[PDB]
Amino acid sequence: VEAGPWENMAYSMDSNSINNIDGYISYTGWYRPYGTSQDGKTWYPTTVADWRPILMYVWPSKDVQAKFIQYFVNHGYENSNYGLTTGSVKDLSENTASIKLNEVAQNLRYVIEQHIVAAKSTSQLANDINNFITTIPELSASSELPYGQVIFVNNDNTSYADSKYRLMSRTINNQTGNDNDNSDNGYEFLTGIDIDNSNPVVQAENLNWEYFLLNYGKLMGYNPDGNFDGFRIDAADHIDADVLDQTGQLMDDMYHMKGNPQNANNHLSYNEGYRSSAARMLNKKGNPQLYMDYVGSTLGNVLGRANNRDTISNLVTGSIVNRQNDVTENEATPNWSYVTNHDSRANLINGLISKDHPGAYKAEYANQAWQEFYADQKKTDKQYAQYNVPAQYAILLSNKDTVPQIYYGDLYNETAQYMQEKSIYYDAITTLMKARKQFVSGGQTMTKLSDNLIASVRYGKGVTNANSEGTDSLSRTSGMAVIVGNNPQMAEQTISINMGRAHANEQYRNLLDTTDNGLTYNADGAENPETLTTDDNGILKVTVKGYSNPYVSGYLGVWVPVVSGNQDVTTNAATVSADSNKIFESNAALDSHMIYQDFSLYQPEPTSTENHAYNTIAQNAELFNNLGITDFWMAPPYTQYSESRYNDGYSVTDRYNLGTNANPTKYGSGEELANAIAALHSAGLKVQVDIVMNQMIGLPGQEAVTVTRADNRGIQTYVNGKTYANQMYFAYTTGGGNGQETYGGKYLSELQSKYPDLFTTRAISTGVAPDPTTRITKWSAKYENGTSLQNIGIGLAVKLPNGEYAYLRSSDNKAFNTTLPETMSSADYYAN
C-alpha cells in the first residue's frame, strides 16, 4: 500500500536510525520511523530530525501498555474523535485483547503527533515519558533496589562481559577462599566500578601499572630521577590479597629487598587498613608491606574526647604493639601509625556538615563547617575538634616499633592554599618531629603513675632496657621522657620517671611543658625549670598538675638530655637480615623512618601555577628533611572524575595520565611531579605513590551488562524482601583514557624478560600465574566485579514477546541476528 501504519518501521535497520548499546535496545531509547501521521489518513516521511520514543511503540508487557495509555490520556492527550477519553480507556489492562491495545495505542500515537506539531518539538513528550516511567515499578530507577551494588555475571547475551574469575572478597586472610577465622577480613565493594583483582590479566596490568610508577620520570622523559620508591596501597582491605603478594614480589625482584634491610627500607610500602586481621596476614607473608595500626583511635579516645575518656593505660595496650616494656627488636608487626589522616578529618567535617544542612544535600556551599571548625580548634572548650593534639603526637613520635605518619592538615590549615598557612599546632608538632630524630631510640617503657597520668620513656640509642649500661656514643646523651595526663583537673604532685641506668646524674632539658595559655619550649611559666637532673639510679623527679587550654587538657611534659650540639640517633639498616624470609622487620632502623601525608580531601584547587602542590613541595624539599620526614606519601596523582566531590585522586578515570600543563590535576602536571620527586630525592627522602587498585569512578562508556543485586561482600542479597539475578543493566563501565590505551600493558614484555617469576608464580586465590599475554588498553565489565548502583534501573532492555532480547546487528555488535519488535521492523506483520 502507498501509505499506512507500516511507516512505523524504522527508517533503516541500523544504529543510524535506532538507539542501541551493544545491539541492545532500551525503553528510554529513541529511533527514527520511516514516517508519522496525525490522523491515520495522511502520512509524512520523517527527516533526520524526527525521532520518537520507543515507549510509544513497544512495551515490556500488555499491562505497561495499558497504563501507558491510561496515563497519557489523563495527563493531556485525550481526544474523543480518536476514541481516547478518561472513561474510554479506564477499563483497559493486561487482559484486553492484543489487537485492541494495538488499535488504541495507534490512535494514541496520532494524538501524540498532533501534540508534537502543536508545540513544534518532542520536548513535552520526552518529559511525559520520563514522568510515566517513574510510575511503573519495573521501568523506574528504583527497580535496582537502593542502596548498594550489583555484580557482573556470565551470560550468553552479554558474553563479551564474561569472566572465569571474579573471585570476590578474597581479602586479607580470606585470600584462599576458605573463610574460617571467626573474624573480620574485609569485603570486595566500596563504591564505583569495582576492579576484578582476581583476574590474571588485571593482576599483570597491576604489575605494569606499578612498574610505570617506579620509573615515571624516566619513561615519560621528564626528570629522569622523578621516580617513586614504594607504594601506599589504597583499600588494602578490599581487593584480592594476591596483589599484595604480587606487589611485594615485584619490589623484591627489582630491588632485592629480602636479603637486605637497607634495600627494603629504601623502598618502603604501607597498606591502608582498619582491620587487625591484616597484621597476622602480613606476618605470614614476611611483611612485604607495613600494617596500618589503630593507635590513632586509642589516642583519640584516651586524649581527644570532650570528656568521657578511657583510662590512660589504654595507650599501652591499645595497639598492635604492647609497649608496657617493649625492649626487644624484630618481634613486633612492622606497622605505620597516625594521629590523623585525610579520612579521619573528613568524617569530622562531614557530620558537622549534617548539622549545618541536615543529612540533606552536601553538593553545595556547606564549607562553613571549616570556618566553624577552625574557630573551634582555637577554643579551650572544644565542641568538635580533637583535644590534646600535641600530646597525641608526643606519644606517637616517641613510640618504639612503628613508623609514624604525620598529617599535612595538622601542620597547616588544610583548606588554605597549599602550605600558605601554618596551623596552631605547627610549632608543637614540628618541635616534636625534630626531637624524634635527635633523641628517640632504644627500649620503651610506659608506666602508669596516678589514675590519669602516664610516663613513656625511651632509653637511648643502644640502651635496650632500663638496666643497660648503654653501648653507643650517643647512648649517654639520648632518650626521651614523655609525660602525659588526660584529666584537666588533676592535682599538683611530684612524680618520678626512671630514665634508665645509663642516665645516672644526667642534666635534662625541659623541651616542652604546659602553661595556662598553652605551651612553652623554654620552661617559661610552667611547673618545672629549664633543667632538672637525675639521681644516681636515673630517676628524674618532676612536678605536674592538670591544665585546661587550647593545646592541653591534662598535662604534657617532655624531657630530653642536655646535648652539646646537633646529634642524630637514627640507626642505619644492615646489609643482611637476621631472618631473610622477612622483607620488613620492626627494629630501630625501621623506627628511624617517619612518613608524611602530603594532602587533605579538602585541599583547594590551586589558584596559580606557583600554587600547585607539586611546585610548592619542590621548593620546600629541604624543609621536609629538616623536619625529619624520611618518606613522603603523595596523594593519588591520577586523572579524576570531573564531577567528583573533592577532586582528590581516588575517583580515577585514567591510571596513567598524572596530569599535563594544559590539564593538571589538583596537585599539578606530570613534569611538575617528576620535578618534586627529584627535589625530595635531593633532600634525602624516599617518596611513595598512593596506588588505587579497588575502584575506578566516572568511566564514560556504556555497556550492556548482566547483573545481580548483591551486598558489599559480592554475594546476592535481599533489600526489603526483593532481589534480582541475571538482569540486563546499561551501566557505565568502559574507559581508561588515552593513557590506558598507550601505556596499558606496554611494559609487560620488559617485565617478563627481566623478571619471569612474576608470570610463573601462581597466585594464592586463583592457583594461576599473572597473565602478560593480553594488554589492557581499555577497562570494561569483563575486568570488573561490578558497580555500586548507577540510578538507571533493571527493566529497560527490550525483550520481544517470545522472551528473547531485541538485538540490532551493527559492525561491532555481531553476537546475534538482528531481531526487532514487529511494530518497528516487520513488513510481514503490517501486511495483516
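Sequential numbering from 1, following the sequence displayed.
- The deposited model assigns a higher average Cα B-factor to 35-43 than to the other stretch when 795-803 and 35-43 are compared.
- As recorded in the PDB entry, 294-302 is the stretch of 233-241 and 294-302 with the greater mean C-alpha temperature factor.
- The PDB entry assigns the greatest CA B-factor among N657, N154, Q702, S553 to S553.
- Between the residues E741, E506, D252, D194, the entry's highest C-alpha temperature factor is the one at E506.
- Split the chain's modelled residues into thirds by C-alpha temperature factor. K100 is in the middle one.
- When the modelled residues of the chain are ordered by their C-alpha B factor, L758 lands in the lowest third.
- Annotation for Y547: CA B-factor lies in the highest third of the chain's modelled residues.
- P561: CA B factor in the highest third of modelled residues in this chain (values from the PDB entry).
- Annotation for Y667: CA B-factor lies in the middle third of the chain's modelled residues.
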